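Chemist: Okay, handing you the structure first.
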Ligand SMILES: O=C(O)CCN1C(=O)/C(=C\c2ccc(-c3ccc(Cl)cc3)o2)SC1=S
Ligand SMILES: [Zn+2]
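In the deposited numbering, the protein residues as written are 27 to 345, 368 to 776.
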């Protein structure tokens with residue numbers, strides 16, 4: 027609480043902006059305004075200074091003062107907190123708006139006694155805050171709009187009565203962003219009004235009494251969130267942005283002047299991946315390979331994407369058979385860009401993962417250990433205290449599935465509130481397994497980047513300084529999420545995510561305890577031995593907590609749509625083989641439940657979900673959008689289909705390990721109905737079975753019906769397998 031400095035700083039701040047100009051009693055008056063302004067959060071006084079504003083404590087008819095003479099006379103008739111018209115040459119306060127803002131307060135000492143006046147002064151200050159300060163950083167916005175609606179659409183109308191004008195009282199629907207746009211003056215007024223009631227200690231109770239939400243809002247805002255407001259406000263100031271950059275630049279001056287050529291080379295290839303060059307791709311294929319290249323109709327594969335498809339296409343132009373699919377599986381590995389940061393993210397930092405050829409694995413490890421040694425100097429310095437860094441991010445990176453509907457379908461400048469709430473839901477902690485490249489001062493994002501992180505670094509956080517005003521951070525950072533809200537920047541809506549850096553171990557302990565909890569819970573629900581390790585969280589990336597919290601939801605859906613005894617028999621079977629329900633955010637090829645049972649590396653599979661018979665495990669990737677699989681639940685249940693196809697076919701030739709989807713009986717059922725369900729289900733036997741199984745146990749009962757009337761024989765089949773397994 028080295029707050030005495032906050033008083034001394036509030037003292038020094040007053041020093042500049044506060045200009046006393048009275049009779050001669052300059053002491054009883056001067057120290058009177060000190061008591062009046064002390065009630066205000068220090069940080070709003072500094073914001074006012076930032077925008078060049080000044081405070082004058084004068085005597086008599088305030089409209090007389092120099093700064094208010096240039097006042098179009100009509101502006102000489104204001105309104106008090108209560109909305110009753112008054113006359114500036116009769117009032118005691120006024121806040122001149124404009125590019126040279128001014129606050130004029132008629133001296134007094136009874137601000138202590140006359141609560142009404144102080145109240146009014148605070149209201150004018152509240153007005154300065156919402157009309158002169160926050161507007162320069164596009165606030166108030168959605169968050170505050172929510173408070174306003176909470177109030178208008180609340181049981182007791184008293185809240186409205188206390189803070190709303192009839193203009194807002196009578197407004198039909200809630201206050202949209204568009205409303206706050208053409209009624210700016212209006213919202214700013216309510217803000218100031220609530221700010222006022224909150225600041226004047228006598229009225230605080232009334233505010234909390236009839237308008238709790240407004241109270242809680244202004245409470246949190248004046249205690250913590252205002253500091254960030256000041257921060258964002260300083261971020262628009264040129265000299266402020268440059269001063270910050272300079273202190274950081276010189277803190278790392280020695281680190282820089284000492285970086286070698288190899289040093290710089292490393293940081294650079296870490297910023298720009300090296301794309302594969304045709305010339306080499308070709309000179310790595312024996313003629314046999316080479317002609318099967320010119321022969322194979324690239325555009326016929328499946329596992330290959332556009333760029334991958336395209337790139338390959340130029341390999342022919344430069345010079368589905370089971371074997372040739374095996375040829376492409378290889379090329380897919382060799383045509384991937386050398387992207388250090390991508391490698392860390394894909395593996396969650398598990399760089400020994402046998403998901404790529406040994407030669408490149410080693411080159412990635414060599415470059416990574418080297419980068420890890422380069423970024424040895426922590427940010428902590430004597431040139432500054434708390435330090436904020438910024439990062440513009442593409443939401444698909446966290447959740448493609450939600451990223452799909454983030455932007456408003458009709459108006460791309462808007463963020464869809466529904467998806468926003470869902471995205472914000474269980475976002476509490478995050479992890480960085482690669483090197484975050486952040487900006488010293490916030491900068492404009494790319495079109496696909498509607499996520500703007502404001503990260504508070506630890507003085508411990510290690511980083512590297514880049515000449516262009518960015519920092520490369522050490523890998524393995526821990527991040528707690530402090531606030532997620534919609535903001536507007538340059539005619540465009542973004543999702544501001546306020547995060548604080550903490551030790552990665554703190555977050556891991558949270559995940560690790562979560563794993564313990566979820567297994568304790570489901571081992572009991574399923575009747576498994578107390579300590580079986582069934583569910584496993586392999587979490588290492590930026591949407592970390594979501595992977596964790598979605599697991600509970602996924603398994604709950606899983607249990608509420610399937611026969612309890614079907615679950616038990618099957619999961620006991622899985623457990624018997626050391627199976628696992630793996631929820632991860634690293635690509636599947638790096639989960640060993642899959643890779644330790646591969647013959648070749650290229651035989652790897654990455655997708656939304658995957659069932660591995662050898663390990664009897666279900667793997668579910670969080671970040672991606674399952675091939676048009678509504679959500680994670682559908683995907684997990686789909687994978688459970690394969691699980692069943694396994695346990696049923698096992699109860700078939702008991703003495704073996706074959707799938708019940710291989711039976712001639714089903715193959716024929718597929719031969720006829722294999723196209724009635726989904727395209728993905730059309731893929732093959734087991735897939736058709738899994739898709740069918742999935743729809744049958746969908747939450748959408750209409751879904752179930754589709755199978756029943758478009759795959760009747762299949763429907764009756766899956767059911768046969770169910771009773772089979774249940775009674776066996
Ligand atoms: O590409 C896709 O989108 C489908 C990925 N996917 C699958 O590929 C699924 C399971 C799966 C596929 C193939 C196999 C398989 C499993 C073992 C062996 Cl030896 C051979 C193939 O399991 S579940 C799922 S989703
Ligand atoms: Zn499948």
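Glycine is no exception: its CB is placed at the ideal position from the N, C-alpha and C atoms.
Taking C-beta to C-beta, are residue 8 and residue 440 nearer than 8 Å?
Modeler: The question about residue 8 has no answer here: the residues shown for the chain are numbered 27 through 776.
Chemist: DSSP has residue 487 in a bridge; who is on the other side?
Modeler: As a working mapping, residue 487 is identified with position 439 in the chain shown. In DSSP, residue 487 forms a bridge with 438, 518.
Chemist: If distances are taken between C-alpha atoms only, which option among 570, 335, 505 comes closest to residue 578?
Modeler: For the purposes of this step, residue 578 is identified with residue 530 of the chain shown, where counting begins at 1. Closest by alpha carbon: 570.
Chemist: Which runs of the beta strand (DSSP E) spanning at least 3 residues fall entirely within the region 655 to 704, listed in chain order?
Modeler: 657 to 660, 665 to 669
Chemist: If we require 4 or more residues per run, which alpha helix (DSSP H) segments fall completely within the region 267 to 337?
Modeler: The alpha helix (DSSP H) runs lying completely inside the region 267 to 337 and spanning 4 residues or more are 279 to 284, 287 to 295, 304 to 308, 313 to 321, given in chain order.
Chemist: Quick one: Cα of residue 515 to Cα of residue 204, how far?
Modeler: Mapped onto the chain shown, residue 515 falls at position 467. Mapped onto the chain shown, residue 204 falls at position 178. If I take the Cα positions, the gap works out to 40 Å.
Chemist: On the DSSP letters alone, give me the boundaries of the beta strand (DSSP E) that residue 524 sits inside.
Modeler: The count along the chain shown starts at 1 and reaches residue 524 at position 476. From DSSP, residue 524 is part of no beta strand (DSSP E); its letter is neither H nor E.
Chemist: Does the distance between the C-beta of residue 738 and the nearest non-hydrogen atom of ligand 2 fall short of 7 Å?
Modeler: Along the chain shown, one-based indexing puts residue 738 at 690. Flag set: Cβ of residue 738 near ligand 2.
Chemist: Could you pull out every residue in the same chain whose Cβ sits closer than 6 Å to the Cβ of residue 132, ignoring the five residues on either side in sequence?
Modeler: In the chain shown, residue 132 corresponds to position 106, counting from 1. 88, 118, listed in sequence order.
Chemist: If you follow the beta strand (DSSP E) that residue 719 is part of, which residue opens it and which one closes it?
Modeler: To locate residue 719, count along the chain shown from 1; it is residue 671. Where residue 719 is concerned, there is no enclosing beta strand (DSSP E), although the alpha helix (DSSP H) it sits in stretches over 712 to 721.
Chemist: Would residue 430 be called buried (16 or more neighbouring beta carbons within 10 Å of its own) or exposed?
Modeler: Taking the chain shown and counting its residues from 1, one reaches residue 430 at position 382. When all chains shown are included, residue 430 counts as exposed.
Chemist: Report whether the distance from the Cβ of residue 669 to the nearest heavy atom of ligand 2 is below 7 Å.
Modeler: For the purposes of this step, residue 669 is taken as the residue at position 621 of the chain shown. When distances are taken from the beta-carbon of residue 669 to the heavy atoms of ligand 2, even the shortest one reaches 7 Å or more.
Chemist: Does ligand 2 have a heavy atom nearer than 7 Å to the CB of residue 749?
Modeler: For the purposes of this step, residue 749 is taken as the residue at position 701 of the chain shown. Every heavy atom of ligand 2 is 7 Å or more from the Cβ of residue 749, so no.
Chemist: Give the straight-line distance between the Cα atoms of residue 283 and residue 433, rounded to the nearest whole angstrom.
Modeler: The residue given as residue 283 occupies position 257 in the chain shown. The residue given as residue 433 occupies position 385 in the chain shown. For residue 283 and residue 433, the distance between alpha carbons rounds to 24 Å.
Chemist: Can residue 437 and residue 505 be called in contact, C-beta distance under 8 Å?
Modeler: Reading the chain shown from its first residue, position 389 is the one you call residue 437. Reading the chain shown from its first residue, position 457 is the one you call residue 505. With respect to the 8 Å criterion, residue 437 and residue 505 are classified as neighbours on the basis of their beta carbons.
Chemist: Who pairs with residue 459 in a beta bridge, going by DSSP?
Modeler: By one-based count along the chain shown, residue 459 stands at place 411. Note: residue 459 sits in no beta bridge, so no partner.
Chemist: Using CA coordinates, which residue listed in 340, 370, 398, 511 is at the minimum distance from residue 383?
Modeler: As a working note, residue 383 is residue 335 in the chain shown. Nearest option by C-alpha distance: 340.
Chemist: For residue 584, which three-state DSSP category applies?
Modeler: Here residue 584 is taken as the residue at index 536 of the chain shown, counted from 1. Reduced to three states, the DSSP call for residue 584 is strand.
Chemist: Helix, strand or coil for residue 406 per DSSP?
Modeler: Residue 406 sits at position 358 when you count from the first residue of the chain shown. Of the three classes helix, strand and coil, the one that applies to residue 406 here is helix, per DSSP.
Chemist: If residue 46 and residue 55 are in contact, beta carbons under 8 Å, what's the gap, nearest whole angstrom?
Modeler: Within the chain shown, the letter at position 20 stands for residue 46. Within the chain shown, the letter at position 29 stands for residue 55. Correct: roughly 7 Å between the Cβ atoms.
Chemist: Please find out if some non-hydrogen atom of ligand 2 comes closer than 7 Å to the beta-carbon of residue 686.
Modeler: Taking the chain shown and counting its residues from 1, the one referred to as residue 686 is at position 638. Because some heavy atom of ligand 2 lies under 7 Å away, the Cβ of residue 686 counts as near it: yes.
Chemist: Does the separation of the CB atoms of residue 396 and residue 638 fall below 8 Å?
Modeler: Residue mapping note: residue 396 aligns to position 348 of the chain shown, counting from 1. Residue mapping note: residue 638 aligns to position 590 of the chain shown, counting from 1. Result yes, Cβ atoms of residue 396 and residue 638 sit closer than 8 Å.
Chemist: Tell me whether residue 735, by its Cβ, gets closer than 7 Å to a heavy atom of ligand 2.
Modeler: Taking the chain shown and counting its residues from 1, one reaches residue 735 at position 687. Residue 735 has its CB nearer than 7 Å to a heavy atom of ligand 2.
Chemist: Specify, as a first and last residue, the run of the beta strand (DSSP E) that residue 46 falls within.
Modeler: Against the chain shown, residue 46 aligns to sequence position 20. Going by DSSP, residue 46 is part of the beta strand (DSSP E) stretching over 44 to 47.
Chemist: Is residue 388 closer than 8 Å to residue 649 when the C-beta atoms are compared?
Modeler: Reading the chain shown from its first residue, position 601 is the one you call residue 649. Reading the chain shown from its first residue, position 340 is the one you call residue 388. Cβ distance not < 8 Å, so residue 649 and residue 388 don't count as in contact.
Chemist: Output the distance between the C-alpha atoms of residue 363 and residue 379, rounded to the nearest integer angstrom.
Modeler: Position 345 is followed directly by 368 in the chain, which means residue 363 is not present among the coordinates.
Chemist: Who are the near neighbours of residue 606 in its chain, counting only those whose CB is closer than 8 Å to its CB and skipping five residues on each side?
Modeler: Position 558 of the chain shown, counting from 1, holds the residue named residue 606. Excluding sequence neighbours, residue 606 sits near 615, 681, 684, 685, 688.
Chemist: In its own chain, which residues sit with a C-beta less than 8 Å from the C-beta of residue 535, not counting the 5 before and 5 after it?
Modeler: Position 487 of the chain shown holds residue 535. Cβ neighbours of residue 535 beyond the five flanking positions: 164, 165, 167, 168, 500, 541, 542, 543, 544.
Chemist: Which residue wins for smallest C-alpha separation from residue 636, given the options 159, 662, 656, 38?
Modeler: Counting from 1 along the chain shown, the entry for residue 636 is found at position 588. Nearest C-alpha to residue 636: 656.
Chemist: How long is the line joining the alpha carbons of residue 215 and residue 298, rounded to whole angstroms?
Modeler: Counting from one through the chain shown, the residue named residue 215 turns up at place 189. Counting from one through the chain shown, the residue named residue 298 turns up at place 272. Going by the C-alpha atoms only, they are around 49 Å apart.
Chemist: I'd like to confirm something about residue 650: is its beta-carbon nearer than 7 Å to some heavy atom of ligand 1, or not?
Modeler: Position 602 of the chain shown holds residue 650. False, no ligand heavy atom lies under 7 Å from that Cβ.
Chemist: Give me the Cα-Cα distance between residue 485 and residue 393, rounded to the nearest whole angstrom.
Modeler: The sequence position of residue 485 within the chain shown is 437, counting from 1. The sequence position of residue 393 within the chain shown is 345, counting from 1. Their Cα atoms are separated by approximately 14 Å.
Chemist: Would you say residue 661 touches ligand 1, meaning its beta carbon is less than 7 Å from a heavy atom?
Modeler: Reading the chain shown from its first residue, position 613 is the one you call residue 661. Yes; taking the cut-off as 7 Å, the Cβ of residue 661 has a heavy atom of ligand 1 nearer than that.
Chemist: What is the DSSP secondary structure of residue 108, reduced to helix, strand or coil?
Modeler: For the purposes of this step, residue 108 is identified with residue 82 of the chain shown, where counting begins at 1. Residue 108: coil per DSSP, three-state reduction.
Chemist: So does residue 588 have its beta carbon nearer than 7 Å to some heavy atom of ligand 2?
Modeler: Locating residue 588 in the chain shown gives position 540, counting from the first residue. No.
Chemist: Could you tell me the alpha carbon to alpha carbon distance between residue 592 and residue 408, rounded to whole angstroms?
Modeler: As a first step, residue 592 is located in the chain shown; it is residue number 544 there, counting from the start. As a first step, residue 408 is located in the chain shown; it is residue number 360 there, counting from the start. So the alpha carbons of these two residues sit roughly 27 Å apart.
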